[PDB]
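*Asks:* Take this structure first; my questions come after.
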Amino acid sequence: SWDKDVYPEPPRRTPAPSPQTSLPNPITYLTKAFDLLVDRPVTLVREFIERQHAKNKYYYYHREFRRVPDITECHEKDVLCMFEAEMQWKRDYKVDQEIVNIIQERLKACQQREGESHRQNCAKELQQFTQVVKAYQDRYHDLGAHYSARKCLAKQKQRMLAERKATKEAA
Amino acid sequence: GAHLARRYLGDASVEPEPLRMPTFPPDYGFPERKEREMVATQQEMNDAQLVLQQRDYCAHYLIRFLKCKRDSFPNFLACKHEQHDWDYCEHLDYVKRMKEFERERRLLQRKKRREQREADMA
Amino acid sequence: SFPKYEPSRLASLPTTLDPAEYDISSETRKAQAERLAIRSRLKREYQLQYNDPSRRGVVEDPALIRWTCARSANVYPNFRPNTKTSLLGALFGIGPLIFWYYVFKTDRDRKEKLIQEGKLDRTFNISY
Amino acid sequence: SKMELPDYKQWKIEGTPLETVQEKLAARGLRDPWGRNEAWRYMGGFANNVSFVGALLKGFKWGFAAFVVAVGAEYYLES
Amino acid sequence: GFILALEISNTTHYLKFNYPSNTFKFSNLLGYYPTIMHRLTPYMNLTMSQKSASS
Amino acid sequence: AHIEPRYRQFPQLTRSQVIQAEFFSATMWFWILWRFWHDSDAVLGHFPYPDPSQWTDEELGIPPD
Amino acid sequence: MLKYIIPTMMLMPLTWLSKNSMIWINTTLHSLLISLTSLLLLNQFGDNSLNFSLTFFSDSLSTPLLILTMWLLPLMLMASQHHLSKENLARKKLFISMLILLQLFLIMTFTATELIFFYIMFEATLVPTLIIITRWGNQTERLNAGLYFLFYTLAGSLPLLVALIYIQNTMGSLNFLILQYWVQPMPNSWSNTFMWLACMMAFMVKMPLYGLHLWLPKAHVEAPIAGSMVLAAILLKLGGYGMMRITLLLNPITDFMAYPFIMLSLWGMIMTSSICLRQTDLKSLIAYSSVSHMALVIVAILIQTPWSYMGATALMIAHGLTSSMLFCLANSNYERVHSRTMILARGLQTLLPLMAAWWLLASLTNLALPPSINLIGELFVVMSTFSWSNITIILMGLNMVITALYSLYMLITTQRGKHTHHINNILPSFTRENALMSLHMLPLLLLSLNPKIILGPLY
Amino acid sequence: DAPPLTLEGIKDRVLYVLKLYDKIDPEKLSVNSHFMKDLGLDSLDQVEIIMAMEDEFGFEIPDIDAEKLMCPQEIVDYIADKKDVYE
Amino acid sequence: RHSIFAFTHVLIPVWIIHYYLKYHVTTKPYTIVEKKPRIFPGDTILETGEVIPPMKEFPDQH
Amino acid sequence: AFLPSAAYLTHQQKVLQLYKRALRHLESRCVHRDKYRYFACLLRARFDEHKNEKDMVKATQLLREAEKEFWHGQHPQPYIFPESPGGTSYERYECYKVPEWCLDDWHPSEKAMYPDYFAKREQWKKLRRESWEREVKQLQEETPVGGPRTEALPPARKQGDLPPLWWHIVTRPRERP
Amino acid sequence: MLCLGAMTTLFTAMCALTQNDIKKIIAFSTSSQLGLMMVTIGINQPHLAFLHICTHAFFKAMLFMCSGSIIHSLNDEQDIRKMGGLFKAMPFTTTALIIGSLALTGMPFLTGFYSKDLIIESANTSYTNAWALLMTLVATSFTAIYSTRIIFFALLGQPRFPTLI
Amino acid sequence: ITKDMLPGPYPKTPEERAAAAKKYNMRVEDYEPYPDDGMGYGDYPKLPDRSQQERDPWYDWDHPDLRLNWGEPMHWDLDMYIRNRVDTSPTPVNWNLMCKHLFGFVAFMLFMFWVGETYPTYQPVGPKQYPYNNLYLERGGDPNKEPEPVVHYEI
Ligand SMILES: CCCCCCCCCCCCCCCCCC(=O)OC[C@H](COP(=O)([O-])OC[C@H](O)COP(=O)([O-])OC[C@H](COC(=O)CCCCCCCCCCCCCCCCC)OC(=O)CCCCCCCCCCCCCCCCC)OC(=O)CCCCCCCCCCCCCCCCC
Ligand SMILES: CCCCCCCCCCCCCCCCCC(=O)OC[C@H](COP(=O)([O-])OCC[N+](C)(C)C)OC(=O)CCCCCCCCCCCCCCCCC
Ligand SMILES: CCCCCCCCCCCCCCCCCC(=O)OC[C@H](COP(=O)(O)OCCN)OC(=O)CCCCCCCCCCCCCCCCC
Ligand SMILES: *C(=O)CCCCCCCCCCCCC
């Protein structure tokens with residue numbers, strides 16, 4: 001399974017089946033046939049496979065990268081420090097890519113789940129998507145195919161000079 | 001389709017433009033004109049997942065018809081009454097829109113007679 | 001009377017509406033007979049090799065080899081740089097390069113000028 | 001295997017529109033030498049084909065009968 | 001449409017031979033569209049594919 | 001036995017193709033007449049179309065000046 | 001990378017000590033073993049390239065080209081062993097030695113950490129290719145084709161030698177890993193303009209650029225089949241590899257130096273594709289189609305966006321497999337009719353149905369049928385060029401019409417229609433030939449299942 | 001579907017179409033009755049006979065072959081050769 | 001062996017696809033995302049028991 | 001115009017071919033059989049009117065304006081027979097017409113499936129290869145100097161000889177393989 | 001979409017009025033129906049267009065199957081001017097061709113009535129390009145014209161096919 | 001094949017023209033070369049620029065699909081004038097009349113679509129009326145802001 005906080009679903013409210021006609025629908029009989037013929041043998045096979053899993057339990061681990069100094073506190077043309085800064089920046093860039101992918105999945109799942117009233121009932125996912133796309137665009141857009149932490153730092157410093165000039169002219 | 005010939009081949013100053021009307025106030029000619037009553041709650045037609053074209057002033061019959069259409073499955077021919085109720089109230093809404101159109105055309109005739117009377121009087 | 005057929009480059013004149021089709025003159029008889037003789041000699045030269053049991057391969061066609069050699073290798077040894085070829089090589093060789101250069105250059109100057117003025121709607125554009 | 005062709009003497013153009021064609025040709029001094037070749041198309045089972053409203057109303061009689069029976073069935077069955 | 005085309009179909013049995021109009025030749029030769037566009041547009045490409053670009 | 005080819009004459013018909021063709025033609029006309037008997041408004045009209053010129057100025061609010 | 005260099009060198013005593021009936025089987029077997037071993041290079045990371053030593057390194061750009069290079073050698077040995085059957089034994093071993101030497105030069109061309117060693121290997125690949133074309137080519141024009149192939153390349157590459165030694169004297173190094181971190185911006189000057197031309201024009205010739213492509217419809221045509229396979233599938237891609245290594249150092253001047261050359265490809269891929277509509281020579285049609293496909297790679301490297309580099313490296317790998325299979329199909333008909341004229345042998349689906357199925361599959365991969373990696377590279381380049389300038393879709397989309405129109409014409413002229421009557425030596429498809437077609441097509445179809453390995457260092 | 005033609009069946013059909021032609025008396029006609037010499041017909045009549053053969057058997061005879069089929073046996077042999085009868 | 005087509009081509013694929021969707025696809029988030037079911041005035045929720053209140057009384061038109 | 005045996009069409013041949021093309025296009029215009037039969041006898045009368053014209057310039061002129069008549073009165077989509085050029089089924093089965101020499105390339109395990117057929121093919125191939133030299137020396141002893149004049153071929157003049165250049169006419173594929 | 005669909009459904013149904021190959025006539029029929037589908041997308045009725053797809057599939061595949069039955073029964077003959085008299089000779093194909101032609105033209109309460117007629121009722125009663133509606137109606141008349149052209153030359157009248165049945 | 005049967009330079013003397021015509025297997029009176037403007041044709045014959053569809057289909061060709069004989073001098077654009085490609089066959093209607101009719105029909109239809117767009121048909125009705133301020137929250141309006149009250153009355 002997954003975490004319901006990073007992949008949120010609201011609680012499901014299905015209505016009770018209230019038949020008006022006396023004609024029995026084929027869907028309930030086919031659901032009973034799918035329970036007998038399909039779901040129970042698959043369940044038995046998965047229980048067998050899971051017992052064979054439980055006979056030999058072992059683990060893997062999620063790798064933790066400790067934070068090395070970034071590109072701002074590396075001396076210029078010092079490859080032993082700015083190498084580590086660049087590798088850390090590439091891993092942060094790949095993780096930010098996956099964050100934007102998570103928010104896209106949230107947005108698309110909200111659209112399909114809310115169905116016809118999706119424009120009203122998915123304003124929060126749209127707003128979080130807009131914020132994270134704005135942040136990703138201000139951070140990594142237009143760096144080129146030869147992007148680096150130096151390119152990203154230069155873009156950030158250009159944006160900060162533009163913001164400082166815009167603040168100074170508005171005072 | 002005579003109104004197309006009246007607007008295109010006649011004059012268009014007395015004929016109402018479809019894209020921008022009513023150009024007259026809704027109280028212009030009415031003592032205490034009451035609003036249209038919306039039966040279905042906004043949350044009710046929100047939770048019925050109706051199309052936004054279908055969330056008009058007569059969607060409560062549509063909610064009744066869709067609940068009938070769900071509850072009477074597989075007998076798909078068993079909700080003609082609720083369908084005719086919704087179709088009749090959509091018909092009444094269409095008659096109201098025709099009444100708005102004819103009201104605007106008659107008030108443009110009134111304004112035409114007003115300006116001709118003001119030109120002939122003074 | 002009847003509308004005369006006006007032949008074009010891609011819609012040629014019919015065989016029956018050509019006024020040279022009805023030539024009974026002896027020089028046209030000689031030309032048609034000599035073309036018949038050439039065609040019959042080439043036909044006989046083909047189908048002697050085509051009907052050979054000992055032959056197993058390709059009846060080579062020097063007309064075909066001649067056509068491919070004219071289309072491929074004979075073009076430069078029979079080229080002369082003159083007025084016509086120079087104007088056609090400048091018109092068709094560097095002309096479209098200049099044209100697409102100015103089109104794409106004007107488009108990218110307009111787009112870059114809109115982007116660095118904060119005018120282009122680049123709201124969700126993060127794949128590039 | 002061996003197929004027997006029918007007689008050639010049974011194809012006569014009298015009573016067919018080939019007769020009208022031959023009469024309008026003899027009205028201006030002509031004669032129709034391929035009439036008996038075309039005579040089989042207007043004779044036999046391929047004579048008297050239906051009209052277009054008879055083509056559309058194929059099976060209309062039994063359909064109308066089944067309609068009246070079903071309307072009477074639902075008119076009695078409501079009671 | 002059925003009535004007008006039944007009239008057109010019943011006139012086919014008649015012994016009247018007219019020359020075809022430009023309306024018939026326009027409806028029958030596919031609005032003249034594949035007769036033009038499939039002769040002209042490949043020509044203008046393929047000559048340009050040999051005289052201009054290749055040779 | 002399969003159909004033998006014939007020459008310049010009407011071909012052999014099976015009983016089955018004739019009765020099935022007539023049965024589906026009768027099925028078509030039964031369905032057309034049945035649905036025309038029951039629905040009768042998808043063709044001829046569902047609701048009456050009101051005349052706007054017959055409406056009073058009182059219900060549309062046209063004060064006489 | 002020495003675990004691949006030494007087996008490739010041990011292929012030389014493997015072919016010079018084999019018995020006279022055994023020199024194809026042993027080299028095919030052990031070159032397939034080297035190609036199996038090549039998959040260990042897929043130890044790639046999301047941040048760090050696989051950096052073996054001071055001399056050799058392999059990122060996710062060099063790795064698919066290495067796998068394709070080490071896979072192409074057994075396929076060239078299968079393709080070339082039929083028409084060299086009556087060849088002298090020692091000349092047969094010299095041919096195999098030139099192919100082995102070319103693989104050896106290529107697998108340390110792509111892994112060269114330092115750029116002048118890249119240049120030495122990059123220009124060392126000329127000599128076996130030149131010898132294969134001019135010695136085992138079939139016609140008279142192999143000598144002129146060897147002269148054109150040598151002298152466009154050297155006229156391009158000797159300013160690259162001067163420019164790389166200039167970078168060595170200025171930056172202090174030509175290590176690519178050092179130059180990732182010490183790269184200085186290249187401003188606008190005439191000195192930097194000719195710096196850019198000297199760094200780029202060699203790879204422009206090797207791609208080839210339109211207008212500089214003239215060596216290719218001779219060198220790809222006059223070569224034997226192993227020569228055409230290695231020229232189309234690998235040796236064009238040295239230009240794109242070297243561009244992706246060298247445009248790191250050429251910023252930001254590239255953003256206005258790319259403008260003529262982008263035009264030269266965006267119009268040129270319209271022209272050469274149009275040229276493929278009127279090619280009577282089938283092998284020349286495949287050559288001009290290779291120019292047409294590499295023009296998109298030139299545009300994608302010059303516009304230098306991530307989608308463009310991913311589509312460019314996908315299109316390089318996909319075009320390597322596709323054009324190699326197309327030349328092998330053209331040779332499979334040349335070994336029967338002994339003429340490269342496409343209109344000669346027609347209606348071959350009536351005579352060779354399974355080979356016509358291979359023709360169909362290679363045509364569909366040539367016209368970028370989804371979800372093949374031909375379409376993946378094609379599509380990503382089209383996305384990045386639309387983001388570059390929106391009008392370019394016209395020159396993209398029109399290209400994708402003409403790219404279909406010669407691919408199926410090649411399928412219709414050769415395989416469909418009435419068969420030629422006077423040609424009667426059309427043997428059935430040999431097992432070697434169908435094996436060759438499958439060893440091209442089946443990796444090209446399996447790479448659609450996992451395309452992330454052929455999408456470069458910035459996937 | 002597609003019943004196989006034989007020489008006897010083609011001969012029967014060709015002579016049958018020629019017995020329904022009102023410029024040939026059906027008692028003088030045989031398999032070798034030459035149309036211009038024995039039956040005394042016009043070249044226009046020979047063209048109409050070959051066109052009736054085309055409408056009978058359903059395939060066009062070209063004019064370079066139509067202007068040389070001058071007896072019914074030649075027509076039967078031509079239809080035989082162009083349809084490969086007695087396989 | 002009379003209805004082996006309903007066993008090999010249908011029922012064994014229903015087994016394979018149900019196992020694949022139950023224990024590999026629905027165990028990952030947002031892979032099978034279903035539209036939430038339609039709720040009417042007068043319904044009873046299965047997961048809550050909360051009766052949806054019916055609509056307001058109609059201004060009857062006929 | 002373009003014929004294998006003759007270099008040209010005679011005037012009489014041109015009149016016959018115009019007559020046949022006019023009747024086919026008339027049948028395309030005049031769909032029903034009685035109506036076509038009426039207008040076809042009328043067209044036969046129009047061709048019978050100028051049958052006995054002795055001035056060859058006048059007959060050639062009448063043929064020329066009759067061609068212009070036909071070109072104005074042609075059908076835009078004339079009726080084409082299905083196996084006629086321009087037909088719907090024209091050259092449809094050419095993908096199924098495999099030549100005979102491909103049977104030589106078969107494997108002996110798939111030749112052993114038909115023992116009598118290939119045993120009978122061997123005497124056809126033997127008859128062809130013993131007739132070939134006799135028919136080549138027949139062609140060279142009968143062709144005039146300067147090459148052949150027409151594309152016609154002589155028949156087998158002797159007993160035991162086969163006609164020259166006969167193999168790819170006799171062993172052509174069937175129309176429905 | 002509205003102008004393009006009305007242009008297509010005019011032009012192809014106009015071209016179908018005078019064709020003689022039966023498969024060409026039914027191909028112009030299906031392209032005229034696709035033009036009608038593009039029209040009813042252009043009037044903001046996508047679900048009626050999809051209903052017309054699902055409706056159109058049945059009778060148009062059946063009309064091509066009836067044409068193929070005729071073509072195979074007449075030995076690969078595809079031209080309507082060599083047909084006729086097949087009302088009784090091919091009775092089941094006659095029945096199904098009449099039912100398909102009436103479903104195409106919009107006979108009431110056959111399958112084509114349940115989308116196409118509604119399409120017309122939505123193309124009339126909408127803020128529409130009026131020339132597109134008028135060409136849509138001219139195309140609707142042309143559908144009846146070429147449908148009874150099929151029925152008249154193929155099924156009605158007298159035989160025109162060759163003599164070996 | 002050898003040297004003197006390959007294509008060569010443009011013939012100027014009549015004996016060179018006659019040797020060229022003998023090389024291309026055709027009569028001297030029928031042998032026209034391309035005009036010597038230096039485009040790269042040389043002595044190659046200008047065949048009369050017809051498609052291969054116009055060739056006689058009932059004639060027994062050496063190549064029946066191409067309608068082309070063995071040894072026959074091929075057209076320069078033979079790969080272009082194949083029957084899978086560009087046709088030059090005579091059309092029942094004149095080419096200029098076809099172009100005028102098609103351009104007139106397309107231009108008139110586009111003009112009438114422009115006219116009908118300028119003058120659209122509609123129904124004698126008002127606007128469709130929606131509750132809750134023309135469905136403000138449904139159309140994506142934010143709930144923190146408040147729209148102006150859109151009110152519809154009975155009529
Ligand atoms: C890792 C495990 C992977 C397992 C799955 C496999 C994944 C793909 C691998 C490669 C698949 C193709 C190989 C077979 C075809 C090539 C040879 C051939 O033609 O044989 C005909 C022959 C049958 O014909 P025949 O009657 O005997 O004689 C042939 C006739 O002479 C004449 O024959 P013909 O002309 O009548 O018929 C030829 C016909 C021609 O058919 C066509 O032209 C139609 C195909 C194109 C249009 C339709 C498809 C469009 C794309 C959609 C499909 C892909 C995505 C689908 C998923 C949903 C959407 C995302 O070919 C087919 O129908 C082949 C069906 C499969 C086509 C796949 C796509 C090829 C089209 C071009 C590229 C398209 C983009 C890339 C797609 C890549 C997908 C992975 O086949 C065989 O005998 C099979 C040989 C063995 C096949 C082995 C396959 C695996 C190879 C890899 C080995 C190593 C990994 C282990 C896997 C083992 C699996 C068992
Ligand atoms: C395939 C055929 C075409 C191939 C094209 C190859 C590229 C075309 C351009 C090459 C120019 C020559 C090499 C330039 C190397 C630049 C290195 C460098 O640092 O430059 C900056 C240096 C600058 O000097 P510096 O760097 O020492 O000075 C310090 C910096 N400043 C200038 C600020 C003080 O440039 C030069 O010194 C000169 C560069 C231009 C050289 C012009 C001569 C050659 C002309 C073009 C020849 C093209 C090929 C000819 C053959 C064709 C076939 C026969
Ligand atoms: C919503 C917007 C809607 C816009 C609509 C209007 C715009 C498009 C206008 C029409 C353009 C396409 C039509 C013209 C080209 C048609 C080519 C073709 O199919 O030719 C067929 C021809 C032979 O076929 P045919 O003679 O008909 O067959 C009779 C049976 N023997 O076959 C041949 O001769 C073979 C030829 C092969 C090579 C073809 C070379 C020409 C390629 C043209 C590509 C055009 C690309 C345009 C790109 C636009 C980008 C925006
Ligand atoms: C006014 O007439 C409103 C109707 C829409 C414009 C006119 C439409 C005319 C075509 C439809 C009716 C056809 C009657 C034969």
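By convention in this document, the chains of the structure tokens carry letters A, B, ... by their order, each chain's residues are numbered from 1, and ligands are numbered from 1 in the order they are shown.
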With only C-alpha atoms as the counted atoms, please give the residues lying no more than 10 Å from residue G:234, apart from itself and same-chain residues fewer than 6 positions off, as a PyMOL selection string.
*Replies:* chain G and resi 65-66+68-69+72+103+106+228+316-317+319-321+324
*Asks:* Let me see the file: selected residues, N, CA and C atoms, as a compact mmCIF listing (two decimals), in the first residue's frame.
*Replies:*
```txt
# COMPACT_ATOMS: atom_id res chain seq x y z
N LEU G 65 25.29 3.89 -27.29
CA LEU G 65 26.13 3.83 -28.48
C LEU G 65 27.18 2.74 -28.36
N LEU G 66 27.66 2.48 -27.15
CA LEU G 66 28.58 1.36 -26.92
C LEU G 66 27.90 0.03 -27.11
N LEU G 68 25.24 -0.53 -28.92
CA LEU G 68 24.94 -0.64 -30.34
C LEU G 68 26.19 -0.95 -31.15
N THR G 69 27.33 -0.37 -30.77
CA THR G 69 28.60 -0.62 -31.45
C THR G 69 29.04 -2.06 -31.27
N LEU G 72 26.84 -4.34 -33.20
CA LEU G 72 26.84 -4.26 -34.65
C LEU G 72 27.91 -5.14 -35.29
N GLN G 103 35.78 -1.49 -34.38
CA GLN G 103 35.08 -1.62 -33.10
C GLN G 103 35.96 -1.16 -31.94
N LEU G 106 36.09 2.57 -31.93
CA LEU G 106 34.83 3.20 -31.56
C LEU G 106 34.53 3.07 -30.07
N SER G 228 28.64 -0.17 -45.01
CA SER G 228 27.42 0.63 -44.95
C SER G 228 26.74 0.52 -43.59
N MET G 316 19.16 8.68 -32.59
CA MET G 316 20.43 8.13 -33.04
C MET G 316 20.46 6.61 -32.90
N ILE G 317 20.03 6.09 -31.75
CA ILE G 317 20.04 4.63 -31.57
C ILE G 317 19.04 3.96 -32.51
N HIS G 319 17.80 5.12 -35.37
CA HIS G 319 18.22 5.21 -36.75
C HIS G 319 19.39 4.30 -37.04
N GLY G 320 20.26 4.06 -36.05
CA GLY G 320 21.31 3.07 -36.22
C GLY G 320 20.77 1.70 -36.57
N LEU G 321 19.83 1.21 -35.75
CA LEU G 321 19.23 -0.10 -36.03
C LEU G 321 18.41 -0.10 -37.33
N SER G 324 20.66 0.32 -40.51
CA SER G 324 21.44 -0.89 -40.68
C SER G 324 20.60 -2.02 -41.26
```
*Asks:* Using only C-alpha atoms, find which residues of chain D lie within 9 Å of chain K and jot them down as a ChimeraX atom specification.
*Replies:* /D:40-42,45-52,55-56,58
*Asks:* Would you output that residue set with N, CA and C atoms, as a PDB file, in the first residue's frame?
*Replies:*
```
ATOM      1  N   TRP D  40     -34.588 -12.423 -72.922  1.00  0.00           N
ATOM      2  CA  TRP D  40     -34.725 -13.188 -71.679  1.00  0.00           C
ATOM      3  C   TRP D  40     -34.787 -12.295 -70.460  1.00  0.00           C
ATOM      4  N   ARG D  41     -34.292 -11.069 -70.555  1.00  0.00           N
ATOM      5  CA  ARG D  41     -34.300 -10.169 -69.420  1.00  0.00           C
ATOM      6  C   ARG D  41     -35.700  -9.679 -69.107  1.00  0.00           C
ATOM      7  N   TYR D  42     -36.588  -9.657 -70.095  1.00  0.00           N
ATOM      8  CA  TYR D  42     -37.937  -9.137 -69.945  1.00  0.00           C
ATOM      9  C   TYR D  42     -38.970 -10.255 -69.872  1.00  0.00           C
ATOM     10  N   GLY D  45     -39.030 -15.385 -65.020  1.00  0.00           N
ATOM     11  CA  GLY D  45     -39.175 -14.882 -63.671  1.00  0.00           C
ATOM     12  C   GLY D  45     -38.717 -13.457 -63.474  1.00  0.00           C
ATOM     13  N   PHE D  46     -37.963 -12.910 -64.423  1.00  0.00           N
ATOM     14  CA  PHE D  46     -37.509 -11.533 -64.332  1.00  0.00           C
ATOM     15  C   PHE D  46     -38.477 -10.553 -64.972  1.00  0.00           C
ATOM     16  N   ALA D  47     -39.621 -11.027 -65.442  1.00  0.00           N
ATOM     17  CA  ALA D  47     -40.698 -10.152 -65.866  1.00  0.00           C
ATOM     18  C   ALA D  47     -41.558  -9.791 -64.664  1.00  0.00           C
ATOM     19  N   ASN D  48     -42.202  -8.622 -64.753  1.00  0.00           N
ATOM     20  CA  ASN D  48     -43.081  -8.063 -63.720  1.00  0.00           C
ATOM     21  C   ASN D  48     -42.355  -7.898 -62.383  1.00  0.00           C
ATOM     22  N   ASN D  49     -41.339  -7.042 -62.394  1.00  0.00           N
ATOM     23  CA  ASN D  49     -40.699  -6.651 -61.151  1.00  0.00           C
ATOM     24  C   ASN D  49     -41.516  -5.537 -60.499  1.00  0.00           C
ATOM     25  N   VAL D  50     -41.336  -5.377 -59.189  1.00  0.00           N
ATOM     26  CA  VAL D  50     -42.174  -4.476 -58.407  1.00  0.00           C
ATOM     27  C   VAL D  50     -41.800  -3.025 -58.673  1.00  0.00           C
ATOM     28  N   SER D  51     -42.669  -2.109 -58.262  1.00  0.00           N
ATOM     29  CA  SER D  51     -42.355  -0.692 -58.274  1.00  0.00           C
ATOM     30  C   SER D  51     -41.570  -0.341 -57.015  1.00  0.00           C
ATOM     31  N   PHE D  52     -41.192   0.929 -56.891  1.00  0.00           N
ATOM     32  CA  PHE D  52     -40.372   1.342 -55.758  1.00  0.00           C
ATOM     33  C   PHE D  52     -41.172   1.410 -54.463  1.00  0.00           C
ATOM     34  N   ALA D  55     -41.488  -1.942 -53.537  1.00  0.00           N
ATOM     35  CA  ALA D  55     -40.241  -2.428 -52.959  1.00  0.00           C
ATOM     36  C   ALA D  55     -40.147  -2.072 -51.485  1.00  0.00           C
ATOM     37  N   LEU D  56     -40.493  -0.831 -51.135  1.00  0.00           N
ATOM     38  CA  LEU D  56     -40.427  -0.406 -49.740  1.00  0.00           C
ATOM     39  C   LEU D  56     -41.476  -1.110 -48.894  1.00  0.00           C
ATOM     40  N   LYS D  58     -42.564  -4.043 -49.080  1.00  0.00           N
ATOM     41  CA  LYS D  58     -42.370  -5.474 -48.914  1.00  0.00           C
ATOM     42  C   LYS D  58     -42.646  -5.863 -47.472  1.00  0.00           C
TER      43      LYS D  58
END
```
*Asks:* Which polymer residues have any atom within 10 Å of an atom of residue C:56, counting only C-alpha atoms, with same-chain residues fewer than 5 positions away left out, as a ChimeraX atom specification?
*Replies:* /C:49-50 /G:422-426 /J:101
*Asks:* Those selected residues, please, written with N, CA, C and O atoms and delivered as a PDB file, in the first residue's frame.
*Replies:*
```
ATOM      1  N   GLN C  49      16.770 -14.287 -75.117  1.00  0.00           N
ATOM      2  CA  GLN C  49      17.382 -14.538 -73.819  1.00  0.00           C
ATOM      3  C   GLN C  49      16.344 -14.891 -72.771  1.00  0.00           C
ATOM      4  O   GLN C  49      16.634 -15.653 -71.846  1.00  0.00           O
ATOM      5  N   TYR C  50      15.137 -14.350 -72.909  1.00  0.00           N
ATOM      6  CA  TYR C  50      14.085 -14.575 -71.932  1.00  0.00           C
ATOM      7  C   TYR C  50      13.569 -16.005 -71.968  1.00  0.00           C
ATOM      8  O   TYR C  50      13.208 -16.551 -70.920  1.00  0.00           O
TER       9      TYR C  50
ATOM     10  N   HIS G 422      11.785 -11.549 -66.388  1.00  0.00           N
ATOM     11  CA  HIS G 422      13.063 -12.060 -66.859  1.00  0.00           C
ATOM     12  C   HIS G 422      14.052 -12.346 -65.740  1.00  0.00           C
ATOM     13  O   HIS G 422      15.132 -12.876 -66.019  1.00  0.00           O
ATOM     14  N   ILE G 423      13.731 -12.011 -64.498  1.00  0.00           N
ATOM     15  CA  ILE G 423      14.599 -12.322 -63.370  1.00  0.00           C
ATOM     16  C   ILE G 423      14.133 -13.642 -62.779  1.00  0.00           C
ATOM     17  O   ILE G 423      12.991 -13.758 -62.326  1.00  0.00           O
ATOM     18  N   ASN G 424      15.013 -14.647 -62.793  1.00  0.00           N
ATOM     19  CA  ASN G 424      14.658 -15.984 -62.340  1.00  0.00           C
ATOM     20  C   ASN G 424      15.661 -16.585 -61.362  1.00  0.00           C
ATOM     21  O   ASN G 424      15.559 -17.774 -61.046  1.00  0.00           O
ATOM     22  N   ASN G 425      16.627 -15.807 -60.878  1.00  0.00           N
ATOM     23  CA  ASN G 425      17.571 -16.279 -59.874  1.00  0.00           C
ATOM     24  C   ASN G 425      17.193 -15.826 -58.471  1.00  0.00           C
ATOM     25  O   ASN G 425      18.055 -15.731 -57.593  1.00  0.00           O
ATOM     26  N   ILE G 426      15.915 -15.541 -58.245  1.00  0.00           N
ATOM     27  CA  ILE G 426      15.462 -15.092 -56.937  1.00  0.00           C
ATOM     28  C   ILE G 426      15.332 -16.315 -56.043  1.00  0.00           C
ATOM     29  O   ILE G 426      14.293 -16.982 -56.012  1.00  0.00           O
TER      30      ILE G 426
ATOM     31  N   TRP J 101       9.384 -21.294 -62.548  1.00  0.00           N
ATOM     32  CA  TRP J 101      10.770 -21.569 -62.178  1.00  0.00           C
ATOM     33  C   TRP J 101      10.980 -21.612 -60.674  1.00  0.00           C
ATOM     34  O   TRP J 101      11.946 -22.235 -60.220  1.00  0.00           O
TER      35      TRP J 101
END
```
